[PDB]
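Here's the structure we're looking at; comments come further down.
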Amino acid sequence: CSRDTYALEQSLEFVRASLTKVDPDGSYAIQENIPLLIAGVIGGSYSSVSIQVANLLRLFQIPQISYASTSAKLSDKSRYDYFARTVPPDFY
Amino acid sequence: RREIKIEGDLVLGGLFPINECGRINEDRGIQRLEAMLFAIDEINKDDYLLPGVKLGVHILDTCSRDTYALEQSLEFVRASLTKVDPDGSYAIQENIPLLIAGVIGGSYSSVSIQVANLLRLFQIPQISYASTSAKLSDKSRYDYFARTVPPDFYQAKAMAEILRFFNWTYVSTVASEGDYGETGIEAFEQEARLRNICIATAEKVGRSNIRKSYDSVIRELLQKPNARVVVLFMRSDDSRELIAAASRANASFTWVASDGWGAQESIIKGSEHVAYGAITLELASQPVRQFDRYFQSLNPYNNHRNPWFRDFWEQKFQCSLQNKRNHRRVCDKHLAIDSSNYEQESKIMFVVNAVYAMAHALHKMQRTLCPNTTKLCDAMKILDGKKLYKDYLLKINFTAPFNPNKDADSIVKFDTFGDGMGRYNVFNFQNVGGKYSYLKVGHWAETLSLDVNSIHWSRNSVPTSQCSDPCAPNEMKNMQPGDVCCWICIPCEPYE
Ligand SMILES: *[C@@H]1O[C@H](CO)[C@@H](O[C@@H]2O[C@H](CO)[C@@H](O)[C@H](O)[C@H]2NC(C)=O)[C@H](O)[C@H]1NC(C)=O
């Protein structure tokens, strides 16, 4: 939705798969809809969305590749050590 | 995977370095854990603040590592996603994690940084009790992290002033890798450059558990006999490792230590011969007598909440229990920790202050967001992290919980950077009556207040942490022949 908070919520939905495995006891059995373990995240349009999702995925060592985030704030690998892109940075 | 859980409407997270992870951190970690537990019990026992709502606990061991602390914070945060996630046959109960109102913990800078980066995604306020690093001062990267302790540049400039007071121009320094040691040593180097103090060697260590690097660092320190003062800036584990390495060799440096070492009994207890005039500095604080009497009465069969308490007793008293009955002796029934057994940690009151700050923020939110009642309501069912933090934590101002003096310092105030007052107590590891023990020798709030007559230097002489000569520029000059910073005298002709 071109917003940082909504993208953060969607990345939370993405990442709610590794914690499910370590978490599920109950009567009989529970199936519901088990989230799949995301091998890597492809997305991150707009710089705010990419920054938020990279900050989220740096906690779960989930690689992220962006297609349109051409901001220079994501160039450094210290804050975002699992974020990459196929587009040039912003100073160019 | 040992966890401490107490049922309650609002639960406060707990991050402590209980295990230093196979060995238990006796003085720091478990004492801080007990301080938090005692503060929460006092909060639940008095009706003046938070009368109706009960404050649960969620305490986890960080093992003094960033990855383990990250995993424990993941365990903490796996409560909001559970509610939005659970269909299944019949019903599923298991063990529903409780929604953490706020996280109280974050010893060591790396743990605090990782947990703050985790909680910034869930608007969960975090209050630290021992992370005195300057990297967390900014509110941009960490917009939900605060602390009851001053930042690191105050400590760095205090160390620089201590060096300058004794004219220790030529010093050697060893720093720890990561977020605390690196930033703190950068600030200290900047302060030394401002005050014209030349560092002989800048060494960095790591938590690789390899003594070879530590003894190599000790040998490198020995390579500069002129710099007999070591400004040691590292964590407790790294300080202990370097103390052991220097004890393996023959070193007699006067370690000007930081809050990482401070007034710690385990580091010196490893070996007391290497350290005899170490001018350490820790966060200035007053011991809590209520927590003293709470911890003195603690017994292995009395406090069943802590899964580590039995192992704490076994490690501290060296006596095993009936589980083994062959490795060691049997602990006495009259055995206790009443007196002459433990020394109060200087950051216990900081833990109490952090817990009471979180409690007072919750109480103010209840008095504002949930009026006409002192118990839980619909408004308090869901907590707004941004509002709670920004309003009732960054603008909080309350007196100290247990301080009959009620002096000016008995006020917990969060500045614009979410930090505490810059007060430091400078101790020296001197001997007064044949028994080694720390005792306060100075103070630093805005300027040094030091007692030279009660220092008792190593080798019973004032250290000379200077190069060959400061030289006289009136009739000579300097050329820096061998050292980048040190120099020598070359006489100047009358016509030059
Ligand atoms: C540290 O260096 C300063 C600068 O020399 C010393 O200050 C003066 O030292 C001379 C003797 O060297 C005294 O006659 C002066 O009275 C001192 N003036 C002041 C304002 O201190 C200082 O004594 C030195 N301190 C130590 C512990 O060596």
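Labels used: A, B, ... for chains in the order of the structure tokens, numbers from 1 for residues in each chain, and numbers from 1 for ligands as shown.
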
*as a PyMOL selection string, please: all residues of chain A that backbone DSSP puts in alpha helix (DSSP H).*
chain A and resi 4-15+18-22+47-57

Within 7 Å of segment 219-232 of chain B using only C-alpha atoms, minus same-chain residues under 5 positions, as a VMD selection string
chain B and resid 170 to 175 200 253 to 258 463 to 467

Keeping only N, CA, C and O atoms, write the selected residues as a PDB file, in the first residue's frame.
ATOM      1  N   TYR B 170      51.517   9.370  28.015  1.00  0.00           N
ATOM      2  CA  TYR B 170      51.840   8.212  27.184  1.00  0.00           C
ATOM      3  C   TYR B 170      51.221   6.975  27.828  1.00  0.00           C
ATOM      4  O   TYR B 170      51.788   6.402  28.762  1.00  0.00           O
ATOM      5  N   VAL B 171      50.061   6.561  27.318  1.00  0.00           N
ATOM      6  CA  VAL B 171      49.338   5.415  27.848  1.00  0.00           C
ATOM      7  C   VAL B 171      49.144   4.391  26.740  1.00  0.00           C
ATOM      8  O   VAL B 171      49.264   4.692  25.551  1.00  0.00           O
ATOM      9  N   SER B 172      48.849   3.161  27.154  1.00  0.00           N
ATOM     10  CA  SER B 172      48.472   2.079  26.250  1.00  0.00           C
ATOM     11  C   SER B 172      47.016   1.748  26.540  1.00  0.00           C
ATOM     12  O   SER B 172      46.552   1.934  27.668  1.00  0.00           O
ATOM     13  N   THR B 173      46.286   1.292  25.530  1.00  0.00           N
ATOM     14  CA  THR B 173      44.883   0.950  25.703  1.00  0.00           C
ATOM     15  C   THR B 173      44.545  -0.355  24.993  1.00  0.00           C
ATOM     16  O   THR B 173      45.116  -0.677  23.947  1.00  0.00           O
ATOM     17  N   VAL B 174      43.632  -1.119  25.593  1.00  0.00           N
ATOM     18  CA  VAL B 174      43.065  -2.317  24.985  1.00  0.00           C
ATOM     19  C   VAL B 174      41.551  -2.221  25.086  1.00  0.00           C
ATOM     20  O   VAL B 174      41.011  -2.021  26.180  1.00  0.00           O
ATOM     21  N   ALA B 175      40.872  -2.376  23.952  1.00  0.00           N
ATOM     22  CA  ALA B 175      39.426  -2.233  23.866  1.00  0.00           C
ATOM     23  C   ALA B 175      38.810  -3.541  23.382  1.00  0.00           C
ATOM     24  O   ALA B 175      39.481  -4.396  22.797  1.00  0.00           O
ATOM     25  N   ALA B 200      49.889   4.789  23.210  1.00  0.00           N
ATOM     26  CA  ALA B 200      51.002   4.001  22.691  1.00  0.00           C
ATOM     27  C   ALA B 200      50.516   2.938  21.715  1.00  0.00           C
ATOM     28  O   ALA B 200      50.907   2.925  20.543  1.00  0.00           O
ATOM     29  N   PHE B 253      50.918  -3.639  34.940  1.00  0.00           N
ATOM     30  CA  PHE B 253      50.281  -2.408  34.496  1.00  0.00           C
ATOM     31  C   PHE B 253      49.196  -1.972  35.474  1.00  0.00           C
ATOM     32  O   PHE B 253      48.528  -2.795  36.107  1.00  0.00           O
ATOM     33  N   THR B 254      49.029  -0.657  35.599  1.00  0.00           N
ATOM     34  CA  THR B 254      47.959  -0.077  36.408  1.00  0.00           C
ATOM     35  C   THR B 254      46.760   0.136  35.493  1.00  0.00           C
ATOM     36  O   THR B 254      46.654   1.145  34.793  1.00  0.00           O
ATOM     37  N   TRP B 255      45.843  -0.829  35.500  1.00  0.00           N
ATOM     38  CA  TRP B 255      44.724  -0.834  34.565  1.00  0.00           C
ATOM     39  C   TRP B 255      43.710   0.232  34.959  1.00  0.00           C
ATOM     40  O   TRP B 255      43.007   0.091  35.964  1.00  0.00           O
ATOM     41  N   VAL B 256      43.626   1.297  34.165  1.00  0.00           N
ATOM     42  CA  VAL B 256      42.581   2.303  34.324  1.00  0.00           C
ATOM     43  C   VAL B 256      41.360   1.767  33.585  1.00  0.00           C
ATOM     44  O   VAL B 256      41.196   1.982  32.382  1.00  0.00           O
ATOM     45  N   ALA B 257      40.497   1.065  34.311  1.00  0.00           N
ATOM     46  CA  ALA B 257      39.416   0.311  33.702  1.00  0.00           C
ATOM     47  C   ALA B 257      38.160   1.165  33.551  1.00  0.00           C
ATOM     48  O   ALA B 257      38.096   2.321  33.975  1.00  0.00           O
ATOM     49  N   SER B 258      37.154   0.569  32.925  1.00  0.00           N
ATOM     50  CA  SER B 258      35.894   1.221  32.622  1.00  0.00           C
ATOM     51  C   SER B 258      34.758   0.565  33.402  1.00  0.00           C
ATOM     52  O   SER B 258      34.976  -0.270  34.286  1.00  0.00           O
ATOM     53  N   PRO B 463      52.769   5.847  39.148  1.00  0.00           N
ATOM     54  CA  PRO B 463      53.187   5.413  37.811  1.00  0.00           C
ATOM     55  C   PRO B 463      53.635   6.586  36.956  1.00  0.00           C
ATOM     56  O   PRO B 463      53.117   7.701  37.062  1.00  0.00           O
ATOM     57  N   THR B 464      54.612   6.319  36.099  1.00  0.00           N
ATOM     58  CA  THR B 464      55.135   7.302  35.154  1.00  0.00           C
ATOM     59  C   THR B 464      54.732   6.839  33.756  1.00  0.00           C
ATOM     60  O   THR B 464      55.477   6.129  33.080  1.00  0.00           O
ATOM     61  N   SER B 465      53.536   7.244  33.332  1.00  0.00           N
ATOM     62  CA  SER B 465      53.025   6.893  32.009  1.00  0.00           C
ATOM     63  C   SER B 465      53.353   7.999  31.006  1.00  0.00           C
ATOM     64  O   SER B 465      52.482   8.632  30.409  1.00  0.00           O
ATOM     65  N   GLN B 466      54.652   8.224  30.837  1.00  0.00           N
ATOM     66  CA  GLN B 466      55.165   9.248  29.943  1.00  0.00           C
ATOM     67  C   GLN B 466      56.349   8.690  29.168  1.00  0.00           C
ATOM     68  O   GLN B 466      56.947   7.679  29.547  1.00  0.00           O
ATOM     69  N   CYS B 467      56.684   9.364  28.070  1.00  0.00           N
ATOM     70  CA  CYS B 467      57.810   8.947  27.246  1.00  0.00           C
ATOM     71  C   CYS B 467      59.118   9.424  27.865  1.00  0.00           C
ATOM     72  O   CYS B 467      59.150   9.798  29.043  1.00  0.00           O
TER      73      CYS B 467
END

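Selection of all polymer residues within 9 Å of ligand 1 on the basis of only C-alpha atoms and all ligand atoms gives residues 164, 165, 166, 167, 168, 452 and 462 of chain B.
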
Output as a Markdown table one row per residue of chain B within 7 Å of chain A: the closest atom pair and its distance in Å to one decimal place, counting only C-alpha atoms, sorted by chain and residue number ascending.
| residue | atom | partner | partner_atom | distance |
| --- | --- | --- | --- | --- |
| B:86 | CA | A:32 | CA | 6.5 |
| B:87 | CA | A:32 | CA | 4.5 |
| B:88 | CA | A:30 | CA | 3.8 |
| B:89 | CA | A:30 | CA | 5.5 |
| B:90 | CA | A:27 | CA | 6.2 |
| B:91 | CA | A:27 | CA | 5.5 |
| B:92 | CA | A:26 | CA | 3.8 |
| B:93 | CA | A:26 | CA | 5.2 |
| B:94 | CA | A:25 | CA | 4.5 |

Can you pull out the residues contacting residue 176 of chain B? Cut-off 8 Å, using only C-alpha atoms, and skip same-chain residues under 4 positions away; I want them as an MDAnalysis selection string. chainID B and resid 180:182 204:206 233:235 238

Please save N, CA and C atoms of the selected residues as a PDB file, in the first residue's frame.
ATOM      1  N   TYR B 180      30.125  -1.748  22.302  1.00  0.00           N
ATOM      2  CA  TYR B 180      30.489  -0.993  23.495  1.00  0.00           C
ATOM      3  C   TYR B 180      31.949  -0.564  23.445  1.00  0.00           C
ATOM      4  N   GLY B 181      32.855  -1.536  23.324  1.00  0.00           N
ATOM      5  CA  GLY B 181      34.274  -1.231  23.378  1.00  0.00           C
ATOM      6  C   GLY B 181      34.737  -0.328  22.250  1.00  0.00           C
ATOM      7  N   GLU B 182      34.301  -0.609  21.020  1.00  0.00           N
ATOM      8  CA  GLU B 182      34.772   0.163  19.873  1.00  0.00           C
ATOM      9  C   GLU B 182      34.338   1.623  19.966  1.00  0.00           C
ATOM     10  N   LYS B 204      42.637  -4.407  20.133  1.00  0.00           N
ATOM     11  CA  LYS B 204      41.254  -4.855  20.173  1.00  0.00           C
ATOM     12  C   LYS B 204      41.215  -6.364  20.356  1.00  0.00           C
ATOM     13  N   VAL B 205      40.329  -6.824  21.237  1.00  0.00           N
ATOM     14  CA  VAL B 205      40.185  -8.249  21.511  1.00  0.00           C
ATOM     15  C   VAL B 205      38.818  -8.715  21.033  1.00  0.00           C
ATOM     16  N   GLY B 206      38.574 -10.020  21.104  1.00  0.00           N
ATOM     17  CA  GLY B 206      37.295 -10.569  20.695  1.00  0.00           C
ATOM     18  C   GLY B 206      36.878 -11.701  21.608  1.00  0.00           C
ATOM     19  N   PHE B 233      39.237  -0.986  28.249  1.00  0.00           N
ATOM     20  CA  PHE B 233      37.841  -0.672  27.934  1.00  0.00           C
ATOM     21  C   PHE B 233      37.221  -1.909  27.284  1.00  0.00           C
ATOM     22  N   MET B 234      36.661  -2.793  28.106  1.00  0.00           N
ATOM     23  CA  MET B 234      36.112  -4.039  27.593  1.00  0.00           C
ATOM     24  C   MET B 234      35.024  -4.546  28.523  1.00  0.00           C
ATOM     25  N   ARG B 235      34.357  -5.607  28.077  1.00  0.00           N
ATOM     26  CA  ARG B 235      33.322  -6.262  28.861  1.00  0.00           C
ATOM     27  C   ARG B 235      33.943  -7.018  30.036  1.00  0.00           C
ATOM     28  N   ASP B 238      35.888 -10.150  28.746  1.00  0.00           N
ATOM     29  CA  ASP B 238      37.169  -9.774  28.157  1.00  0.00           C
ATOM     30  C   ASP B 238      38.143  -9.260  29.208  1.00  0.00           C
TER      31      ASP B 238
END

re atom CA of residue 80 of chain A and atom CA of residue 68 of chain B: distance 19.8 Å

Residues of chain A classed as strand (DSSP E) by DSSP on the backbone are to be reported as an mmCIF file with C-alpha atoms, in the first residue's frame.
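For reference, out08.cif as written:
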data_model
loop_
_atom_site.group_PDB
_atom_site.id
_atom_site.type_symbol
_atom_site.label_atom_id
_atom_site.label_comp_id
_atom_site.auth_asym_id
_atom_site.auth_seq_id
_atom_site.Cartn_x
_atom_site.Cartn_y
_atom_site.Cartn_z
ATOM 1 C CA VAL A 41 12.123 -11.935 -0.052
ATOM 2 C CA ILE A 42 11.788 -10.396 -3.518
ATOM 3 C CA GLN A 64 16.100 -9.545 0.443
ATOM 4 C CA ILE A 65 16.492 -8.314 -3.145
ATOM 5 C CA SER A 66 14.852 -5.063 -4.239
ATOM 6 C CA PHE A 83 19.583 -6.367 1.728
ATOM 7 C CA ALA A 84 20.661 -6.127 -1.911
ATOM 8 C CA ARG A 85 19.261 -4.661 -5.108
#

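Each of B:345, B:237, B:451, B:138 was checked against residue 264 of chain B using only C-alpha atoms; the smallest atom-to-atom distance is that of B:345.
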
(message) So that I can see what lies close to residue 161 of chain B, please list as a VMD selection string the residues with an atom at most 10 Å from it, counting only C-alpha atoms and leaving out residues fewer than 6 positions away in the same chain.
(response) chain B and resid 155 167 to 168 191 to 192 195 444 447 to 448

Subject >> residue 107 of chain B surroundings by only C-alpha atoms, 9 Å radius, close-in-sequence under 2 positions cut, as a ChimeraX atom specification >> reply: /B:15-17,29,62,64,105,109-112,128-131

With C-alpha atoms retained, could you export that selection as a tab-separated table (two decimals), in the first residue's frame?
chain	number	residue	atom	x	y	z
B	15	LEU	CA	17.18	-9.97	29.78
B	16	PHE	CA	20.08	-10.80	32.10
B	17	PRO	CA	23.51	-12.43	31.61
B	29	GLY	CA	23.53	-11.47	36.18
B	62	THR	CA	21.25	-13.80	27.16
B	64	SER	CA	26.41	-12.51	27.20
B	105	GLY	CA	16.93	-5.73	30.41
B	109	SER	CA	25.74	-2.99	24.43
B	110	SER	CA	25.37	-5.66	21.74
B	111	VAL	CA	22.41	-7.29	23.50
B	112	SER	CA	20.71	-3.92	23.99
B	128	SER	CA	18.26	-0.93	29.99
B	129	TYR	CA	20.05	-1.03	33.34
B	130	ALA	CA	23.73	-1.47	32.38
B	131	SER	CA	24.17	-0.57	28.68

Residue 468 of chain B proximity check over B:480, B:149, B:215, B:396, using only C-alpha atoms: winner is B:480

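Minimum atom-to-atom distances from B:275, B:124, B:50, B:119 to residue 387 of chain B were compared using only C-alpha atoms, and the lowest value belongs to B:124.
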
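The residue set within 6 Å of segment 46-51 of chain A, counting only C-alpha atoms and dropping same-chain residues fewer than 5 places from it, reads residues 4, 7, 69 and 71 of chain A.
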
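Ranking B:292, B:483, B:493, B:384 by their shortest atom-to-atom distance to residue 125 of chain B, with only C-alpha atoms included, puts B:384 first.
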
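Between atom CA of residue 393 of chain B and atom CA of residue 357 of chain B the interatomic distance comes to 7.1 Å.
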
- Selection: 12 Å around residue 90 of chain A, only C-alpha atoms, excl. self and same-chain fewer than 3 positions, as a count of residues only: 10
